[PDB]
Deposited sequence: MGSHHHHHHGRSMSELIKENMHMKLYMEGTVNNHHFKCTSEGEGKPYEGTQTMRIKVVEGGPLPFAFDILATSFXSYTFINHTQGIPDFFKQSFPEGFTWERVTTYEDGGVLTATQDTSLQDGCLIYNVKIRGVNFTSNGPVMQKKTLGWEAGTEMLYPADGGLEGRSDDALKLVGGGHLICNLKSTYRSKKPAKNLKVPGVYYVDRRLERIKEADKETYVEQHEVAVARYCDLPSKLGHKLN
């Protein structure tokens, strides 16, 4: 098939957070049908970043979700054309980060092109002060909306001192195939655990791992 048991990826990211410009690149690999993946990330312009790398972590890969129980897989079905994602992330203490991503497949390698714009982060808040300690595991709900899918989650960012900062994610997923080799699923959920494995040099080198598994809701139904 086009999405093999093992797949590699390359990513290019550019953006600005509170008017601080940066670029990142990454390379990695994963098992798309197991829902696991690793990325080795470099900040290649604008490093060291004057803000928590964690706010970028969820912008570095939907092809690597284990879609269990035969859930129609909008992402894997989109190849060879690929798909795009876009998102607004709203932090409860003010910051808003928008992201646009193109996912393509080129000579057997997944290629990600991501652009990020973050504004209104409080200068003495935990993001700008680099007082974060990674993400809690989380659940995204995905549902069909306008010949595509949308997604929603509320995620918890760990803070120095043991607290959490919550943000809300609203995503839209659009296939580059025009619904002709694409079966779109019903409402479903993706459970994820994204972990930072290594970092060096003021977060200008970061290794990240994610496991992501899609599921219907299991619970018994009276109807």
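Deposited-sequence stretches lacking C-alpha coordinates, listed in sequence order: Deposited residues absent from the model fall in 1-14, 75, 239-243.
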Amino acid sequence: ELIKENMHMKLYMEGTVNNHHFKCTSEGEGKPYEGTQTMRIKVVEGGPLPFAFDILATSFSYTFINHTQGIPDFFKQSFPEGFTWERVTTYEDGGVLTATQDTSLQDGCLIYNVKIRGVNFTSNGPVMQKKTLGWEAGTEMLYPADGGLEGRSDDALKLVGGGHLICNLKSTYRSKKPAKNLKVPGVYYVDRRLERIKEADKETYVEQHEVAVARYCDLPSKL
From here on, numbers count along this sequence of modelled residues.
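Mean C-alpha B factor from the entry: is it higher for 164-172 or for 41-49? That would be 41-49.
Can you let me know which of the two, 119-127 or 97-105, has the higher average C-alpha B-factor in the entry? Averaged over C-alpha atoms, the B-factors run higher in 119-127.
Among 92, 140, 146, 86, where is the Cα B factor highest in this entry? When the deposited C-alpha B-factors of 92, 140, 146, 86 are compared, 146 is largest.
Would you mind finding, among 202, 215, 209, 23, the residue with the largest C-alpha temperature factor in the entry? Answer for 202, 215, 209, 23: 202, with the highest C-alpha B-factor.
Mind checking which third residue 31 falls in for C-alpha B-factor across the chain? Answer is middle: the recorded C-alpha B-factor places it there.
If you rank the chain by CA B-factor, which third does residue 182 end up in: lowest, middle or highest? It falls in the top third of the chain.
Per the entry's values, where does residue 159 land by CA temperature factor relative to the rest of its chain, in the lowest, middle or highest third? Within its chain, residue 159 is a middle-third residue by C-alpha B-factor, going by the deposited values.
Looking at the entry's B-factor column for C-alpha atoms only, identify whether residue 73 ranks in the lowest, middle or highest third of its chain. Its C-alpha B-factor, which the entry lists for residue 73, ranks in the middle third among residues of this chain.
Split into thirds by Cα B-factor across the chain's modelled residues, where does residue 65 land: lowest, middle or highest? CA B-factor rank for residue 65: lowest third.
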